[PDB]
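See structure below.
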Amino acid sequence: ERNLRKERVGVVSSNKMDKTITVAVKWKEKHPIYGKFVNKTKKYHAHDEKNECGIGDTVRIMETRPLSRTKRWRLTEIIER
Amino acid sequence: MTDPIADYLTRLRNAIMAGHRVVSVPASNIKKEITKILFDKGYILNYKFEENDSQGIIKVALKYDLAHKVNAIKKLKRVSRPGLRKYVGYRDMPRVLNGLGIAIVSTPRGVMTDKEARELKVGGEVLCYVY
Amino acid sequence: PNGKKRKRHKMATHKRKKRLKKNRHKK
Amino acid sequence: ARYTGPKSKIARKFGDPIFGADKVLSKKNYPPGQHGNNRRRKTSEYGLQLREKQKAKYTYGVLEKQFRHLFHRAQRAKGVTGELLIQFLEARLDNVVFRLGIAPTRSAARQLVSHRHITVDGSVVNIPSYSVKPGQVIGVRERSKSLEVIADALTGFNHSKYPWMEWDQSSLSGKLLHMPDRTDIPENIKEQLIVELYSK
Amino acid sequence: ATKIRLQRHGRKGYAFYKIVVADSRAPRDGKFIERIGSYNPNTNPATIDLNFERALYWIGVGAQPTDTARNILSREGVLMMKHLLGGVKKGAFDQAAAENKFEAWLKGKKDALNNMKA
Amino acid sequence: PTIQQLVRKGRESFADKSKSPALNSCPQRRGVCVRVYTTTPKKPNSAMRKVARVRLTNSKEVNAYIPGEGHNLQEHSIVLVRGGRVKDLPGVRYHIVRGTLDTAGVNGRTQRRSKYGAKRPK
RNA sequence: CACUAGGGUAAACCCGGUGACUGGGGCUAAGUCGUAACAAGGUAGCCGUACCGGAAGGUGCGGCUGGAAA
RNA sequence: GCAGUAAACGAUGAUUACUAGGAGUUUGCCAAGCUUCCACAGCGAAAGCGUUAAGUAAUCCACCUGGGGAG
RNA sequence: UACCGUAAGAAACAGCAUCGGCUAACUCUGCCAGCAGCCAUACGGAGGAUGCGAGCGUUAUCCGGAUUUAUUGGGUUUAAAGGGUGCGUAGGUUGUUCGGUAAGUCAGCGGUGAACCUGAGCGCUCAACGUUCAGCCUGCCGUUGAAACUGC
RNA sequence: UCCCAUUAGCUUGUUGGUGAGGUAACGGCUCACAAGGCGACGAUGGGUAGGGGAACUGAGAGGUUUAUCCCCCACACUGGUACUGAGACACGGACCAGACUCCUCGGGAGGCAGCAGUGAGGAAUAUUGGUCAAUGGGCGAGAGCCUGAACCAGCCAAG
Ligand SMILES: [K+]
Ligand SMILES: [K+]
Ligand SMILES: [K+]
Ligand SMILES: [K+]
Ligand SMILES: [Mg+2]
Ligand SMILES: [Mg+2]
Ligand SMILES: [Mg+2]
Ligand SMILES: [Mg+2]
Ligand SMILES: [Mg+2]
Ligand SMILES: [Mg+2]
Ligand SMILES: [Mg+2]
Ligand SMILES: [Mg+2]
Ligand SMILES: [Mg+2]
């Protein structure tokens with residue numbers, strides 16, 4: 001009966017932080033004017049308590065309360081290595 | 001090669017403009033589907049698939065009106081090019097020549113024309129306009 | 001291929017080069 | 001505002017005596033001014049469209065803003081634009097009174113409407129541009145049913161032959177059956193020219 | 001507190017009111033939580049349109065009506081304790097039959113004779 | 001251009017410029033005449049046009065053409081300046097509003113009176 | 001005792017103004033000196049570069065035809 | 001060793017596929033791979049281009065938006 | 001709403017050589033002017049006529065035709081416009097076929113999105129306007145499916 | 001979710017961690033190891049602007065502006081600090097520091113971006129008006145009191 005916090009699927013881009021990782025999520029969609037489908041990425045900052053992620057692994061993250069200054073996500077699961 | 005479908009349309013258009021009776025194209029699955037649609041709608045006289053050691057050859061025999069020496073096909077236009085892909089829903093399916101032409105469209109139910117696409121209520125990628 | 005079009009540019013180039021050659025050696 | 005100028009000038013300028021019957025239209029069939037009846041210089045198609053529009057306006061006593069709004073209404077409505085415009089022009093209260101014959105001229109009908117001698121559905125209506133709908137009853141007000149001018153105008157009007165108007169002399173009133181067709185309307189206005197002029 | 005009141009919405013000389021549920025601090029014709037009816041006082045029958053279920057719900061949760069809104073609610077029959085009855089049930093008030101009370105009062109018509117014999 | 005080129009750069013639009021910039025989008029302006037002089041038209045036209053150098057309230061110098069037959073303008077006269085440029089005259093892109101402030105209406109006019117600030121004759 | 005608005009100091013930056021004097025440009029007429037281009041425009045023209053002349057310009061070197069004649 | 005310009009021109013960016021005829025010409029065997037002139041369809045405002053396109057289409061890059069001021 | 005007695009208290013402004021609807025006389029640099037231009041079918045007055053009309057003209061500002069920034073929807077031999085020529089980084093595009101996935105794409109369901117604006121009424125004597133109801137929600141979000149094409 | 005690359009590097013509480021304090025509340029929010037974070041998918045800096053729905057305009061795509069109307073934000077001579085309070089940028093509150101202005105020899109006051117006069121600036125925009133009768137608001141057990149919100153009237157070629 002919860003309210004279903006936001007979830008994202010991305011690729012780890014950095015792990016050189018104490019229990020914090022950077023996840024890049026990329027996608028395609030059409031240009032607002034010219035209609036061409038363009039690539040854009042968005043970076044995140046997620047909490048990893050166990051430090052169980054390397055670089056380039058496909059991960060799933062969930063939205064949480066503010067855990068730091070610009071750190072609003074936690075690592076739910078790892079889909080690929 | 002950058003756009004095999006546009007190349008197939010260009011081969012057909014050039015053969016029509018030159019007045020040829022038969023045009024040979026390298027074969028592909030989507031090109032075979034387009035040739036089948038053209039034959040069903042009555043734009044080409046006949047077609048034949050040849051499976052040689054290469055990818056194969058589509059041999060198309062064009063249709064000329066002996067009464068007026070005019071080909072059955074007048075315009076062939078590629079819509080969704082590699083540099084700009086176009087997708088429409090079934091509600092916004094294009095109408096070609098005020099319904100007197102066809103719009104070959106690839107849908108999740110297969111490759112068909114805008115008429116059956118509207119009937120089955122499925123959208124997809126607008127391959128080309130023919131009239 | 002009228003000719004006046006190139007004549008105007010030729011005139012402008014003459015004036016600019018004369019200006020530069022007069023300004024040289026003066027500081 | 002109202003035109004309230006000389007009428008024989010407009011009658012002679014347009015040829016057709018749109019303001020009824022007059023003795024002046026004979027022996028004088030030239031537009032007013034010192035340059036009248038000096039042949040006829042070639043007037044353009046735009047000039048002809050303008051003269052048709054002016055003929056309609058002077059016929060029905062309508063100024064340009066109201067006429068443009070009437071054209072907009074006809075364009076919005078469903079049917080032929082010109083036929084709808086002529087129907088809307090004929091559906092005005094003063095025109096309806098004039099067709100019922102309560103007053104001799106359209107200007108007389110407008111004066112009666114303005115001075116409140118005409119009732120619509122039992123209530124006094126004094127707006128000359130009031131749009132009469134079919135099924136309504138337009139009659140003389142009870143306090144003015146014995147006016148000399150109204151009695152004279154109705155004298156000799158025992159015909160009341162208009163198919164889209166039913167006249168009752170006992171109640172001194174009349175009713176509108178339906179909107180007449182343009183061919184049934186007895187006006188020589190070519191509405192097509194006005195339509196193209198206002199749409200181009 | 002939450003209130004039931006009227007917003008003036010007609011034009012000059014012709015007032016038309018929109019019966020809304022709004023916070024008391026809101027502007028008179030501004031923000032409102034919900035719209036529950038309309039009120040036309042110019043007509044002699046004093047035209048009223050009201051959403052009965054929503055009005056009853058707002059009264060139940062505790063919206064405080066203004067004087068005129070309370071009068072309108074009473075006229076429409078929202079103000080009742082038939083649901084408050086803890087010792088009875090199916091207590092059909094049927095007061096709408098008496099509240100009909102159709103006031104078909106009209107005026108006689110008189111005319112002036114036109115004696116213009118000249 | 002290609003769709004990728006337009007995505008990278010896009011198109012550019014340039015706003016136009018006012019035909020009478022010294023008005024600063026005001027329909028008219030107030031000014032003081034510096035010198036009221038006479039000028040010669042271009043080659044195909046021969047006349048002696050009456051122009052005034054006007055200092056507007058926004059500290060701008062303009063050349064304003066005085067229309068009508070005769071005028072009472074001198075130096076240090078408060079006038080109203082509106083837009084409008086004369087074809088043969090080069091550099092004169094403003095008009096003096098007759099019949100307002102110091103400048104009076106054109107005497108003896110009967111037609112086009114409102115364009116020259118002439119009252120209706122009794 | 002820290003914290004700080006505000007004050008003084010210095011610098012350096014940015015934005016503006018004015019200044020003896022000294023340079024282009026636009027527009028209008030036409031005073032003066034020539035005739036550079038348009039015809040093979042009377043030395044074919046033009047492009048780049050260098051030097052030189054009251055000015056249009058001239059000459060050297062390479063290029064082009066958007067040049068006749070042949 | 002600097003400098004980095006040109007009527008540095010086919011005044012025509014690079015790839016890919018397709019679409020008539022004539023006349024010459026270089027190279028290894030009729031035929032490529034070139035290199036030059038008339039010329040169908042088509043294109044173009046016209047002069048003209050025309051399988052070495054300025055035709056039919058697809059991909060990417062460069063550039064233009066009245067003249068002068070002013071490169 | 002009603003009664004006295006009264007046409008009585010109530011029309012101007014801009015055009016008139018072509019485009020453009022409207023014409024001749026008297027004057028004459030003065031001028032006019034959106035353009036073609038005119039020093040008189042164009043300047044000023046007179047008589048007429050033509051637009052509009054309690055307004056009519058002028059100036060200022062914005063939008064459309066204007067495709068004059070062209071995704072829809074323009075171009076580059078000579079009109080403005082191919083970089084002197086290559087190699088190459090990021091980026092953009094990717095022959096054919098089989099099998100997955102479901103990011104793009106398609107479809108279904110649900111939520112969300114005053115006043116104004118669109119058909120029908122109702123009330124303002126009509127109309128502007130006010131008001132009610134049907135027709136727009138054609139964006140965003142959530143959740144279920146499809147697998148032809150693009151992506152992996 | 002605007003322009004400038006004739007703005008290419010920016011950052012040291014800055015990015016993360018441990019703990020503590022603090023707050024209605026999570027948090028470098030603050031305070032006592034590691035070197036990370038953001039950047040041609042435009043960081044940083046400079047310039048300009050309140051943002052939407054409306055409105056206007058166009059066949060549409062789109063473009064212009066947010067005058068009146070509604071929603072959100074910011075502000076109350078300029079800065080700083082708080083107090084009171086459920087709630088504070090405190091719009092008819094306070095303290096301090098500035099500048100300006102006014103009335104007084106010890107000093108004391110004001111802030112016109114609430115409504116009406118007036119002056120100035122400008123091409124240009126009105127009454128030092130009536131009433132709380134209606135709607136809304138504050139307080140009161142209610143009657144009621146107050147309300148320059150509001151409803152009206154006046155002026156203005158005036159859409
Ligand atoms: K060369
Ligand atoms: K592929
Ligand atoms: K309190
Ligand atoms: K009150
Ligand atoms: Mg020279
Ligand atoms: Mg010579
Ligand atoms: Mg020579
Ligand atoms: Mg020499
Ligand atoms: Mg070049
Ligand atoms: Mg009117
Ligand atoms: Mg050129
Ligand atoms: Mg080249
Ligand atoms: Mg407190």
Side-chain angles (χ1 to χ4, degrees), chain A residues 4 17 27-29 33-35 37 39-41 65-69 71, chain B residues 1-4 6-7 9-11 13-15 17-18 28 30 55 78 81-85 87 89-90 106-111 121-125, chain C residues 1 3 6-7 10 12 14 19, chain D residues 1 32-34 46-47 50 63-64 123-127 129-131, chain E residues 5-8 10-11 14-17 24 28 30-32 35 38 40 66 68, chain F residues 2-6 11 20 23 25-30 47 57 69 80 82-84 86-87 90-91 95 108 110-112 114-115:
Chain A
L4 264 298
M17 264 180 301
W27 72 99
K28 273 223 316 292
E29 104 294 330
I33 300 171
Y34 304 117
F37 286 80
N39 301 331
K40 19 198 181 293
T41 197
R65 60 175 172 81
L67 317 168
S68 192
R69 186 224 270 254
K71 189 162 145 202
Chain B
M1 170 84 21
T2 67
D3 191 348
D7 175 61
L9 297 190
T10 296
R11 281 185 192 249
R13 192 192 305 112
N14 288 349
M17 206 180 330
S28 161
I30 180 90
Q55 58 200 72
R78 178 94 157 117
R81 34 199 198 81
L84 178 55
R85 304 265 182 198
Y87 312 93
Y90 89 78
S106 170
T107 66
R109 319 265 281 100
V111 182
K121 290 140 162 25
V122 280
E125 202 184 341
Chain C
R6 250 175 221 287
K7 290 302 288 193
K10 191 191 213 333
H14 168 71
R19 270 193 263 298
Chain D
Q34 95 178 123
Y46 161 74
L50 199 78
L63 252 50
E64 160 68 358
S123 35
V124 175
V125 171
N126 96 321
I127 299 304
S129 63
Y130 178 85
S131 191
Chain E
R5 44 187 220 203
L6 328 167
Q7 318 193 320
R8 165 135 189 177
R11 60 187 201 203
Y14 196 84
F16 187 87
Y17 295 104
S24 47
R28 179 191 81 184
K31 205 197 233 153
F32 60 94
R35 165 202 230 263
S38 77
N40 200 328
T66 59
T68 319
Chain F
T2 63
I3 304 297
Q4 183 58 31
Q5 263 167 347
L6 287 164
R11 304 275 198 191
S20 38
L23 289 166
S25 294
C26 300
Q28 296 108 37
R29 275 309 201 134
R30 202 194 39 194
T57 57
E69 301 313 23
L80 214 67
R82 61 142 164 116
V86 263
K87 197 182 181 103
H95 271 74
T110 279
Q111 285 136 65
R112 324 166 112 101
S114 96
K115 308 183 123 138

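Order of the sequence lines fixes the chain letters, A, B, ..., with proteins taken first and strands second; residue numbering starts at 1 for each chain. Values below: all heavy atoms of this structure, side chains included; hydrogens, waters and symmetry mates excluded.
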According to the Watson-Crick and G-U wobble definitions, with both distances under 3.5 Å, which nucleotide is paired to I:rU143? I:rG108

Please give, in whole Å, the distance from I:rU150 P to B:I30 CD1? 8 Å

Going by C1'-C2'-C3'-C4', which side is I:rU132 on: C3'-endo/north or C2'-endo/south? north

Which nucleotide in the set I:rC149, I:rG45, H:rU56 lies at the smallest distance from any side-chain heavy atom of B:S106? I:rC149

Please name the nucleotide paired to H:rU56 by Watson-Crick or G-U wobble geometry with both distances under 3.5 Å, or report none. H:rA17

Is J:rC83 stacked on its strand neighbour J:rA82 by the under 5.5 Å, under 30° ring test? yes

What is the distance from CZ of E:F16 to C1' of I:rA114, rounded to the nearest Å? 15 Å

Let me have a per-nucleotide readout for nucleotides 50-56 of chain I, 5' to 3', with B, S or -, counting only protein heavy atoms under 4.0 Å. SSSSS--

If positive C1'-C2'-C3'-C4' means north (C3'-endo side) and negative means south (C2'-endo side), then J:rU125 is north

Side chain of E:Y14, base of I:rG123: donor and acceptor closer than 3.5 Å? no

Measuring from the side chain of B:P82 (C-beta onward, heavy atoms only), which nucleotide among J:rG137, I:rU93, J:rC29 has the closest atom? I:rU93

Of the listed I:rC149, I:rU71, I:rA46, the closest approach to the F:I3 side chain comes from I:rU71

Using a 3.5 Å limit on both hydrogen-bonding distances, do I:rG37 and I:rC32 make a Watson-Crick or G-U wobble pair? yes

In whole angstroms, how far is the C1' atom of H:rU56 from the CG atom of B:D3? 14 Å

I'd like to know if B:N14 reaches the base of H:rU19 with its side chain, counting only an N/O donor and acceptor under 3.5 Å. no

Could you check whether B:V111 gets within reach of a base, just the sugar-phosphate, or nothing at all, counting any heavy atom under 4.0 Å? sugar-phosphate

In whole angstrom, what separates B:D7's CG from H:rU15's P? 18 Å

Identity of whatever pairs with J:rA35 - Watson-Crick or G-U, under 3.5 angstrom: J:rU14

Interatomic spacing from OG1 in B:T107 to NZ in B:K121 - rounded to 0.5 Å: 13.5 Å

Using Watson-Crick or G-U wobble geometry with both distances under 3.5 Å, which nucleotide pairs with I:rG130? I:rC122

Six-membered rings of I:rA90 and I:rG91: centres under 5.5 Å apart, planes under 30°? yes

With heavy atoms under 4.0 Å as the rule, sort B:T107 into base, sugar-phosphate or nothing. base

Can you find a heavy atom in the side chain of E:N40 that is under 4.5 Å from one in the side chain of E:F16? yes

Using a cut-off of strictly less than 4.0 Å, decide whether F:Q5 has a side-chain nitrogen or oxygen near OP1 or OP2 of H:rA62. yes

Nucleotide J:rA88 sugar, north or south by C1'-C2'-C3'-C4': south

Should the side chain of E:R5 and the base of J:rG137 be counted as holding a donor-acceptor pair, with the cut-off at 3.5 Å? no

Can you check the A:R69 CZ to J:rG13 P distance for me, whole Å? 11 Å

Are the six-membered base rings of H:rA17 and H:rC18 less than 5.5 Å apart at their centres, with planes tilted under 30 degrees? yes

Side-chain contact check for B:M17: nearest option of I:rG130, H:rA41, G:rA37 is H:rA41

Please classify the nucleic acid contact of B:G123 as base, sugar-phosphate, or nothing, using heavy-atom distances under 4.0 Å. sugar-phosphate

Paired with G:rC51: which nucleotide, if any, by Watson-Crick or G-U wobble criteria at under 3.5 Å for both distances? G:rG58

Would you tell me if any nitrogen or oxygen in the side chain of B:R13 comes within less than 4.0 Å of OP1 or OP2 on H:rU19? no

Ranking E:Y17 and A:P66 by the position along RNA chain J of their nearest nucleotide, the one closer to 5' is A:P66

Please tell me if the side chains of A:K40 and A:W27 come closer than 4.5 Å, counting only heavy atoms from C-beta onward. yes

What distance, rounded to whole Å, do you find between the two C1' atoms, one in J:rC96 and one in G:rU4? 12 Å

Look at the side-chain N and O atoms of F:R112 and state whether any lies under 4.0 Å from the OP1 or OP2 oxygen of I:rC16. yes

Atom pair distance, as rounded to whole Å: CG in F:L23 and P in J:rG122: 15 Å

A:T41 or F:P27, whichever maps to the more 5' nucleotide of RNA chain J: A:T41

Provide the distance between the two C1' atoms, one in G:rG25 and one in H:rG67, to the nearest whole Å. 16 Å

From J:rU135, I:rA148, J:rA123, nucleotide with atom closest to E:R28 side chain: J:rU135

For the pair made of CG in F:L6 and P in H:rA62, what is the distance, rounded to whole Å? 11 Å

The correct pucker label for J:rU6, given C1'-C2'-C3'-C4' positive equals north and negative equals south, is south

Give a yes or no on whether G:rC27 and G:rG45 are a Watson-Crick or wobble pair, applying the 3.5 Å threshold to both distances. no

Any strand is fair game: report the nucleotide pairing with J:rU64 by Watson-Crick or G-U wobble, both distances under 3.5 Å, or none. J:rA55

At less than 4.0 Å, is any side-chain N or O atom of F:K87 found next to OP1 or OP2 of I:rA36? Yes or no. yes

pair_partner(J:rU127), Watson-Crick or wobble, both distances < 3.5 Å, evaluates to J:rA153

Output field: Watson-Crick/G-U pair J:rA134 J:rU118, thresh under 3.5 Å: no

Of all the nucleotides listed (I:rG47, H:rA58, I:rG151), which has the minimum atom distance to the side chain of D:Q34? I:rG47

Counting just side-chain N and O atoms, does B:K121 come under 4.0 Å of either OP1 or OP2 of I:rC106? no

Establish, with yes or no, whether the OP1 or OP2 oxygen of I:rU131 is under 4.0 angstrom from a side-chain nitrogen or oxygen of E:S38. no

Donor-acceptor pair (no angle test) under 3.5 Å: E:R11 side chain, I:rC124 base: yes

Nearest to the F:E69 side chain among G:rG57, J:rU14, I:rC31, which nucleotide is it? I:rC31

H:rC63 pairs with which nucleotide, Watson-Crick or G-U wobble, both distances below 3.5 Å? I:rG75

Let's see if you can work this out: which of I:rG123, J:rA123, H:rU65 has an atom nearest to the side-chain heavy atoms of F:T57? J:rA123

Looking only at N and O atoms, is any donor in the side chain of B:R11 or the base of H:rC18 less than 3.5 Å from an acceptor on the other one? no

Intra-strand stack I:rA66 & I:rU67, ring centres under 5.5 Å, planes under 30°: no

Counting only side-chain N and O atoms of C:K7, is one of them less than 4.0 Å from OP1 or OP2 of G:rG45? no

Is the I:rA11-I:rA12 step stacked (ring centres under 5.5 angstrom, plane angle under 30°)? no

Which listed nucleotide (I:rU94, J:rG27, H:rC64) is nearest to the side chain of F:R11? H:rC64

Can you tell me, in whole Å, how much space there is between the P of J:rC151 and that of J:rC115? 16 Å

Residue F:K115, side-chain heavy atoms: nucleotide from I:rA14, J:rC151, J:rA123 that is nearest: I:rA14

Taking H:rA41 as the reference, what is the distance to H:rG69 when you measure between their P atoms (whole Å, please)? 47 Å

Please answer whether the main-chain N or O of B:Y87 pairs with a side-chain N or O of B:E125 as donor and acceptor at a distance below 3.5 Å. no

Please determine whether a side-chain nitrogen or oxygen atom of E:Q7 lies at a distance below 4.0 Å from atom OP1 or OP2 of J:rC70. no

